[PDB]
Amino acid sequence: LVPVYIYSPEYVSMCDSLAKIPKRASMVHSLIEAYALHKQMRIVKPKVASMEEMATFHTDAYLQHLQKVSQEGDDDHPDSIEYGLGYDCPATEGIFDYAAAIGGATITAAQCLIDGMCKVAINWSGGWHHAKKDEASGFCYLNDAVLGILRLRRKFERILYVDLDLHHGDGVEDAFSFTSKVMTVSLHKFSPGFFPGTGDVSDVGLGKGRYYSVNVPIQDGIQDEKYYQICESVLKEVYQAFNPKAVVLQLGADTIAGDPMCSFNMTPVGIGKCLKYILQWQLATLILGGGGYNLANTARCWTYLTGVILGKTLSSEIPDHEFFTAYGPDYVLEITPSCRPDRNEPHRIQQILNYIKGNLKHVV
């Protein structure tokens, strides 16, 4: 009944070493620790994922190339482009060890769930939902989300993946697009140009997995109240229809007000309400991070979200800790929405929601 918190020092230091997002793993843990929240959770050291574990989703040719690049680095290896490495996914040294750490942590979280050690397991350094079996994508080198769902499938016949990152959870969806055993649900920005340009509402899945993919395309400037209306509308239908035995929950904090992505206008209370709704099902629940590029706001969010998993209520004033200065000028936990318009027209949202109601009527 106490949640598992997947953490070691060596795990956090490796997750700090991915550029374009420096010292973020550390900032999140540092703030969670400063609120004394680790004292109410079970700290479990992540194992490193083996080649075989990693190969349950990914092709060996990809993993082997990823291993080579990690020792050397892009020069003397023009084969990189084939496997998704490039500017978006730098082919820098040490990444196969990061890949393995991340996949291992999500897998370790899933095993804690299977063993009955907990109802909730947390790996905030995970959530790398874009990676394909044989291709890096959107800064994701390894699909830990997929590796965890597959581990969960040993104990739990039906699994629900709910992806609340700003981006469409395309890699996870694609992995399970042809099966009814895993339902993927995704709320995301979907607009011409925006990555990855998939996950329109009409993306419903294929073959035996038709209607077992669900996608909510949302436009910029959505705030807490409206997002939760959309989210619990979709999730109420999904619970009754699909009836999941277990939940994998990606809570990417690039939807938050103040993020470089500057698309959605959410606060961690808005997401927290979506998280409470999934928690009240009292199912085995694997919690994952993901995108989150205003590093302080991301820690504010994921720290707040940990509090709600615990049922605790945190103080507004940020505790003094290693990265205290990053939380200025106000030094508070709460995030204020930007003053931008909400481009989601109500009629367009309602016809999206009714379409999903209708697709979920088919689920047996």
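Note that residue numbering follows the sequence shown and begins at 1.
Higher average CA B factor: 91-99, of the stretches 226-234 and 91-99. For the pair 71-79 and 250-258, the mean B factor over Cα atoms is greater in 71-79. If you compare the C-alpha temperature factors of 131, 85, 275, 287 in the entry, 85 comes out highest. Ranked by Cα temperature factor within the chain, residue 209 sits in the highest third according to the deposited record. Sort the modelled residues of the chain by CA B factor and residue 66 lands in the highest third. Looking at the C-alpha B-factors along this chain, the one for residue 240 belongs to the highest third. The entry lists a Cα temperature factor for residue 156 that places it in the highest third of the chain's modelled residues.
Per the PDB record, residue ranking by Cα B-factor puts residue 293 in the lowest third of the chain.
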